[PDB]
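Undergrad: no letters, just coordinates:
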Ligand SMILES: Nc1ncnc2c1ncn2[C@@H]1O[C@H](COP(=O)(O)OP(=O)(O)NP(=O)(O)O)[C@@H](O)[C@H]1O
Ligand SMILES: [Mg+2]
């Protein structure tokens, strides 16, 4: 509402706060310098964070910050691993220059691993932002099909980062490369998951041959939290497929010891602690968040609204298929509420499995007698006649 809280942050402190369950909180930096997960704050700009937001504003040299509205929590932390996360960037940049002097230059590729809720996504964000602030253009690769910060759930995705994340909305989602996995966990089909990220690595390697800035920018790769059992071998295959030269393990000493013995000796492995400000989720909140991600795909944000179309499509004008080999689907009541991917492949081939997607639509109604379905779509006509099933559902 109207009530105010003021905070003085010494050097190397962060204001950690969570917005209430019900209302916005607005942050304003009123003296000094501060950043939120790597993005510089502008002085006296009012940043409106929505309900449930969890945020840290960090300062290297000292800051004073005002928060307007109700907070569930808000305190200043005097100890962070931020210098750790900064020295990782410094080290990547050092590799970049040496490899520039050695010459086109191939930038460092970094894999972030660790269990759930250790601040992995936040750390990728910081590292991407610090690369941009250095003048570089890194590729952010997102292998977490549950909580994906680039596309919808059930995807493996990658974007070229050319600007710092917006403090509220995250990175711009401009022309991502997107593969439809179709499930919220790799365990649903681990062999397909591994095939998809291998196809992702192969595609990116050939893409960067046509863009030197992207090539030297390198890659920051976020993984999911499945580190045990089969998840472990999956980490090793990802390290190999993407030819990473740095693995950052967050808050897992056994995983660190195991990887140190297994990875090629040329790979640098760094164990770092999680921040004390990382919030543990539950399954319910994770589900809630997947739904909000899908909504954002179609409708956008408060800052940048997207205006999707709803229209009807004849069963005759599209072919529905499902992976798991390809199988063709006869449109039924059960496709209702499901996301489908518009495949870049021209027919319902073997090639559907290997192909990135144009984008997604949501099947909102199924008229079996009229033989038409209603879809929510980011564009006015379908970009492809090959629609690939995702097990992710969304009530809108
Ligand atoms: N230093 C911090 N202070 C306050 N909040 C933070 C901090 N670091 C992370 N968070 C918040 O904690 C939540 C979880 O962080 P996140 O970086 O998604 O962890 P994660 O390891 O990627 N989770 P998952 O991928 O679901 O296993 C997010 O809302 C962040 O904004
Ligand atoms: Mg994450």
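TA: Everything's here; your move. Residues are numbered from 1 along each chain as shown. Ligands and ions are numbered 1, 2, ... in the order given.

Undergrad: okay, how far is it across stretch 203-218, tip to tip?
TA: 14 Å (C-alpha to C-alpha, to the nearest Å).

Undergrad: and the gap between residue 310 and ligand 2?
TA: In this view, residue 310 and ligand 2 are 31 Å apart by C-beta to the ion, to the nearest Å. Bear in mind the C-beta positions are built from the backbone N, C-alpha and C, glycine included.

Undergrad: point me to the helix or strand that includes that residue.
TA: strand 309-314 (DSSP states H and E).

Undergrad: which helix or which strand is home to the nearest residue to residue 200 once chain neighbours are set aside?
TA: Leaving aside its chain neighbours, residue 200 sits nearest to residue 156 (5.6 Å; criterion: C-beta to C-beta, 6 or more residues apart in numbering). Assigned by DSSP H and E, residue 156 belongs to strand 155-160.

Undergrad: show me which positions of the strand holding residue 310 end up buried.
TA: Buried residues in strand 309-314, counted by 16 or more other C-beta atoms under 10 Å: residue 313.

Undergrad: next structured bit after that strand?
TA: Toward the C-terminus, strand 309-314 is succeeded by strand 319-323 as the next helix or strand (DSSP H and E).

Undergrad: what lines up beside that following strand in the sheet?
TA: Strand pairing for strand 319-323, determined by DSSP bridges: strand 326-329 (antiparallel), strand 386-393 (parallel).

Undergrad: next to ligand 2, which bits of the stretch 1-150 of the chain? Give me the list.
TA: 120, 121 (C-beta under 5 Å from the ion).

Undergrad: and the residue of the stretch 1-150 of the chain closest to ligand 2?
TA: residue 121 (3.3 Å; C-beta to the ion).

Undergrad: between the strand holding residue 156 and strand 386-393, how many degrees?
TA: For strand 155-160 against strand 386-393, the angle by axes from the mean of the first three to the mean of the last three C-alpha atoms, to 10 degrees is 110 degrees.

Undergrad: which helices and strands does whichever helix or strand comes after strand 155-160 pack with?
TA: Sequence-wise, the next helix or strand downstream of strand 155-160 (DSSP H and E) is strand 177-180. Secondary-structure packing of strand 177-180 (3 or more C-beta pairs under 8 Å, 6 or more residues apart in numbering; DSSP states H and E): strand 155-160, helix 190-208, strand 338-343, strand 357-367.

Undergrad: show residues contacting strand 177-180.
TA: The contact list for strand 177-180, computed with C-beta atoms under 8 Å, 6 or more residues apart in numbering, reads 150-151, 154-159, 196, 199-200, 203-204, 207, 341, 343, 356-357, 359-360, 388, 390.

Undergrad: do that again at 7 Å, thanks
TA: Residues outside strand 177-180 that contact it (C-beta atoms under 7 Å, 6 or more residues apart in numbering): 151, 154-158, 196, 199-200, 203, 341, 356-357, 388, 390.

Undergrad: ok now it, how far from the chain's centre?
TA: 12 Å (C-alpha atoms, centre = their mean, to the nearest Å).

Undergrad: so what strands line up beside it?
TA: strand 155-160 (antiparallel).

Undergrad: now do the residue most central in space within the chain against ligand 1, distance only.
TA: The centroid of the chain falls nearest to residue 149 when counting by C-alpha atoms, centre = their mean (2.5 Å). Applying C-beta to the nearest ligand atom, to the nearest Å, the value for residue 149 to ligand 1 is 8 Å.

Undergrad: got it, and residue 59?
TA: Residue 59 is 13 Å from ligand 1, by C-beta to the nearest ligand atom.

Undergrad: check contacts around that residue.
TA: Contacts of residue 59 (C-beta under 7 Å, 6+ apart): 9, 11, 13, 32, 33, 34.

Undergrad: one more: residue 258?
TA: Applying C-beta under 7 Å, 6+ apart to residue 258 gives the contacts residue 232.

Undergrad: just the element for it, please.
TA: Going by DSSP H and E, residue 258 is part of helix 253-262.

Undergrad: what sits up against stretch 287-298?
TA: 147, 148, 152, 153, 184, 306, 308, 360, 362, 376, 378, 394.

Undergrad: tell me which of these fall in strands.
TA: For those, the ones inside strands are 360, 362, 376, with DSSP state E as the criterion.

Undergrad: okay, and the beta partners of the first one?
TA: Just to be clear, that refers to residue 360. Under the criterion used (DSSP bridges), residue 360 bridges to residue 341.
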